[PDB]
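First come two forms of one protein chain, each written alone as structure tokens, so that there is a structure 1 and a structure 2.
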Structure 1
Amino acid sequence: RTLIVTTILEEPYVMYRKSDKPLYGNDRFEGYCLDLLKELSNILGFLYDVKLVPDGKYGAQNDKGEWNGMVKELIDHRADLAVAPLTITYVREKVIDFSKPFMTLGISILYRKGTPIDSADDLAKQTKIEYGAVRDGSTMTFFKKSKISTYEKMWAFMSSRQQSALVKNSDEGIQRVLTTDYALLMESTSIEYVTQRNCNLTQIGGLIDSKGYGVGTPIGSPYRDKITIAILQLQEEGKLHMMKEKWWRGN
């Protein structure tokens, strides 16, 4: 059985290789997730075929409860595994299974170095420094649905100063931090990627929430627990650390 692996283009997890050499099939791609999939394939002993998710979506449910993205590919048995920066969530576990996480992360703060700012609390209690998140993203949602005192205050601020505090996308938010007095609330993994490539930027404080990326499978898949096992082996043997360093480290 050659396993069909659904994934999504997302730097540095999955990218097309910068080459015009005759590369076909899986060889057309590179990235953290391709390296992970190669390790998993070697530990478990499976053949695989990477297919980009046709609709280019991660997987969310509509008003009717219909799914899309990588999640929908698993539900429909069009893919055996989803190997991507796909967050393990309560709603997704209702319809697919997941391995234990190969990466853990949490919302954090992206801002300039040299400022006395050291946490979310420092931001919340002031208005001189603008702060927000990508509009309608996972981070915005967290703040909007939160019942934690300080995050409700930060949300009230982000929403009332909506037109300006909430940006269109990560790229723009990064631009906003580099050119104005602004702090962007973003997923720690993305922040680490950006800070490695821009010495003027830094992460502020620790993690605000906590979640993990796991390999998705259809419910009942016999590969799920085997993938968890392989993930634990790779972590313990320092391989996930090396694979992260390979893709995240900058100049």
Structure 2
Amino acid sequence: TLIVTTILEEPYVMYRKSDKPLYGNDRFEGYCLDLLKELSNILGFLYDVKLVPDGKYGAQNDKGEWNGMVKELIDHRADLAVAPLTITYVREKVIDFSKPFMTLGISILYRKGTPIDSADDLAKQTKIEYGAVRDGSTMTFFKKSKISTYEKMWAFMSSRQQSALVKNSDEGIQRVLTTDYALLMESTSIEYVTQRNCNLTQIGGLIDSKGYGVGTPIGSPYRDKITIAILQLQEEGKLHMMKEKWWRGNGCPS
């Protein structure tokens, strides 16, 4: 019954590995699939997980058109977007969100051992290239900012958009590992990467503070039910357990 739009993004949504045959929903796994399971059992709904065709989170182009999971909701093509979808004021204008299931902030993924310590440092040089995932909320934060440092950074990433803006986080990560590039990435995803790719680290602190919410078309009769369910899972300690399960690891030596 319910159509769920989502996007590949480790460890939130990933393709499951099995020698066995996977049917529909079982093709996927991750933090967001476990959350989506909880939600369907608590609220009593059936659902069909569909990956967003353009593989984008969602941004409004200059024409005024949206793409990504946000457009799927606006156009009523999906009933819910269950993904690390960031809650922002530009999106609240066109779709609804549940209270957040996880908090995060934009920060920087880069290599260890360099003199770079802040966005300010990146803004003050051009040797190191830097950017964010195209049509993501990080890119939009930079595009719409009136703060000097971030305007200068947007001017830089914008002029190089074809190299600076990446298709997705996986591409951004490979770019940091193999070229002199820093990715503007959400903190939770940075935490995940840096406990595996031990030559990478977070640079500086968090640039902002926000959260991931389940998206719904404006006025959906599931928004509040979902908000209530998430808030209750939080209070029962089940979201912490989910987080530990997907982020758990041996880490890296210092």
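Structure 1's sequence is the ruler for residue numbers, which start at 1. The term rigid core refers to the maximal set of C-alpha atoms that superpose within 1.5 Å between the two forms.
The residue from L105, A230, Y58, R135 that marks the hinge of the rigid-body rotation between the two structures is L105, the others lying more than 12 positions from any hinge. This chain moves as two rigid pieces, and the smaller piece turns through 29° between the two structures.
Core-based superposition between the two structures puts the Cα shift at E192 at 2.1 Å. The two forms, fitted on their core, place the C-alpha of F29 0.5 Å apart, compared between the two structures. Lined up on the core, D209 has its CA atom moved by 1.7 Å between the two structures.
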